[PDB]
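Structure 1 and structure 2, given next as structure tokens, are two forms of the same protein chain, each shown alone.
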Structure 1
């Protein structure tokens, strides 16, 4: 039950931070995961985006947003004229949490508890201290609550620029849906979910 804090080194070097996250024992999730999935991008990024946790594909690659949700994220970024390669993209929890299907190898993603999110939050703080983003997009409720408190309501602040204490640099925060949700439902449901995410990404990119 320790939390990640005493496993986080005092450095802004992202490769050093990523290796240290591989050695983190701040919660139980390191055990069955393949590896840490640290954030991806350069310190030169001025927009950071934060999801929930790895999926199966992310866990195998050691990279964020490489599966189907990442594909739809990329499509929405393109619609918002945002270059993904200029971003820093990461997740609130850095080890894949899952159960195995009975009788097989298939891994079923399971959502981190609030305790696991808080345990892993010091890595987000180190990432923000390193990258110094102007704006942070919180992709989904888990990432939003990680910075804005466990009773934060994404539905009550769509399109709003937020700020909160204990976030390095006091960046603009924009809380939106997680891109996995854009995979759901028939044509018009997907198209409305897409539009809503694009609107929020544009708010974030237009912060000046």
Structure 2
């Protein structure tokens, strides 16, 4: 096998977020563009100092064209308010920008499926473009896929959670904070979810206090 070009062929020579988001709908960097409605790019402006990265769009994100609009987005807004963070002062995006899903005989119309490492690596040039555009001071990695996208396939959020990290190789050398994805707070033991929500708030407060 070989290392793929992925999305790089499709990223234009621009740091403008609107031009990048329009170009991302034309991306064929992996197979996910085929069945998805549209690219789900980031939301926010280049003056943000804090960038947050999730895994991929969900069903409602794919329909709306923006990240974190489903129930996960409600929980994200709850956490952000608890951490004194204005959502529109952030740039929020996802490691993978087309909805990966399965249809099914019966049941839900579209069932989210985990992006493979190949798709995360293929879509990573868009992340690099976004970080070049926004020049964030701190990046919050919401969940295991977003964290692995910038920190390595073998990165474990449980090993480093809440730490303020630096990778050798991300534009602008922001501080990075790996934390829980808000969707994980929709399922699991109730008191573990409340503990993990508190910890998410802690990690967000830490990210916002990074100078």
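Numbering follows the first chain given and starts at 1. We call the rigid core the largest set of C-alpha positions that still match within 1.5 Å between the two forms.
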**Q.** CA of residue 25, rigid core aligned, shift of 2 Å or more between structure 1 and structure 2
**A.** no
Q. Do you see a C-alpha shift of 2 Å or more at residue 185 between structure 1 and structure 2, with the core held fixed?
A. yes
Q. Superposing on the core, what C-alpha displacement does residue 105 show between structure 1 and structure 2, in angstrom?
A. 6.6
(Q) When the rigid core is overlaid, by how much has the CA of residue 165 moved between structure 1 and structure 2, in Å to one decimal? (A) 2.1
Q: Having superposed the rigid core, state how many Å the Cα of residue 123 shifts between structure 1 and structure 2.
A: 0.2
